[PDB]
Amino acid sequence: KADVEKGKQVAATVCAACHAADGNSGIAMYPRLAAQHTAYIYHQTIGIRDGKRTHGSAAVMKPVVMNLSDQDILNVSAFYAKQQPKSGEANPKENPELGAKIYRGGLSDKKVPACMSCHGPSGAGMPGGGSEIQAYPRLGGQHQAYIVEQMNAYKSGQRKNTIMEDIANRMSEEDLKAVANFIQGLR
Ligand code: HEC
Ligand code: HEC
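In terms of the entry's author numbering, the sequence shown opens at residue 3 and continues consecutively.
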């Protein structure tokens, strides 16, 4: 029922300036959206438009999406969810070996579970549907700076999610910077 063609024009005329027309943003401030899951894109946009998601730089996006209809946001969500994801590159000096170990096997000493167990072996996440009561957003190729910022919001409680708040608070700045670096290069 969602109209991907209309979603295309919305992304082209509204979102592209920050997130790119395919969702593969080139500015580390604007998170990637290509192949992010439909319900996740939809609810995050609505939250930013409606003043519920306030942390970080959400304030620059809210005015631009203020007069988008709910159907408009659903259409551009379905559009972005079908795009092909591009990845950044892992910085060899940002301990990508530790990042990979956090991602694939967690940090058992600090009860940090492997990110991959929810976010997938390529960081594709999991969409909602079926009898699944819990979906997981895509992370692969996401800008490392954005990842660290969200992880900090979860740490401080500026962003709410009991699962991620508990995970982020068990980790160190070094842990976050490493796993973020690895995630940027996940293709
Ligand atoms: C520049 C003024 C932007 C415009 C135009 C659009 N977005 Fe945006 N968006 C922008 C920023 C700076 C951020 C991050 C805020 C933060 O927490 O620091 C976002 C975030 C999103 C997200 C969440 C992504 C995620 O959680 O991984 C989504 C789903 C999103 N934005 C959607 C979106 C849409 C659909 C847009 C066109 C209608 C759009 N944004 C435009 C900045 C800007
Ligand atoms: C299942 C128990 C999970 C584990 C293991 C990890 N994450 Fe997760 N993540 C999970 C959920 C249910 C959500 C969405 C919550 C919400 O606020 O909507 C997330 C989200 C994130 C994000 C934000 C993504 C964004 O686009 O803004 C990040 C940066 C993230 N998760 C990182 C992350 C890392 C680094 C993990 C391994 C240490 C990890 N997650 C594990 C569920 C689960």
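Here a beta-carbon is modelled for each residue, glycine too, at the ideal position from N, C-alpha and C.
Neighbour-count burial assignment, residue i, 16 or more Cβ in a 10 Å radius
{"i": "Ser27", "result": "buried"}
{"i": "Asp177", "result": "buried"}
{"i": "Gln86", "result": "exposed"}
{"i": "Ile43", "result": "buried"}
{"i": "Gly25", "result": "buried"}
{"i": "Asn97", "result": "buried"}
Residue from the options whose Cα sits closest to the Cα of residue i
{"i": "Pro33", "options": "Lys179, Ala147, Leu188", "result": "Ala147"}
{"i": "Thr47", "options": "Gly142, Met63, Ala37, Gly58", "result": "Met63"}
{"i": "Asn69", "options": "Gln86, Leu76, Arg51", "result": "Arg51"}
{"i": "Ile149", "options": "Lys179, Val78, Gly107, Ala14", "result": "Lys179"}
{"i": "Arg189", "options": "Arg140, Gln73, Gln160", "result": "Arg140"}
{"i": "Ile135", "options": "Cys120, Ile29, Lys113", "result": "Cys120"}
{"i": "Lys88", "options": "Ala36, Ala61, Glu7, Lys112", "result": "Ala36"}
{"i": "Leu109", "options": "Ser174, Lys54, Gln85", "result": "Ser174"}
{"i": "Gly159", "options": "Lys10, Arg55, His21, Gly49", "result": "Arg55"}
{"i": "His45", "options": "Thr164, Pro98, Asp74, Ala30", "result": "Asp74"}
{"i": "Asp72", "options": "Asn97, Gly107, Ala19, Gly49", "result": "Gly49"}
Beta-carbon gap between residue i and residue j smaller than 8 Å
{"i": "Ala170", "j": "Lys157", "result": "yes"}
{"i": "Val66", "j": "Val12", "result": "no"}
{"i": "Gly142", "j": "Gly125", "result": "yes"}
{"i": "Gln38", "j": "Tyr105", "result": "no"}
{"i": "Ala116", "j": "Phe184", "result": "no"}
{"i": "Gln186", "j": "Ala92", "result": "yes"}
{"i": "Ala182", "j": "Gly58", "result": "no"}
{"i": "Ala23", "j": "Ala80", "result": "no"}
{"i": "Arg172", "j": "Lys95", "result": "no"}
{"i": "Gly127", "j": "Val78", "result": "no"}
{"i": "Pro123", "j": "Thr40", "result": "no"}
{"i": "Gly90", "j": "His21", "result": "no"}
According to DSSP, residues forming a beta bridge with residue i
{"i": "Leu70", "result": "Note: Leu70 sits in no beta bridge, so no partner."}
{"i": "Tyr138", "result": "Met128"}
{"i": "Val62", "result": "Answer is none; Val62 lacks a bridge partner."}
{"i": "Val6", "result": "Beta-bridge pairing links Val6 to no other residue."}
{"i": "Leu109", "result": "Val114"}
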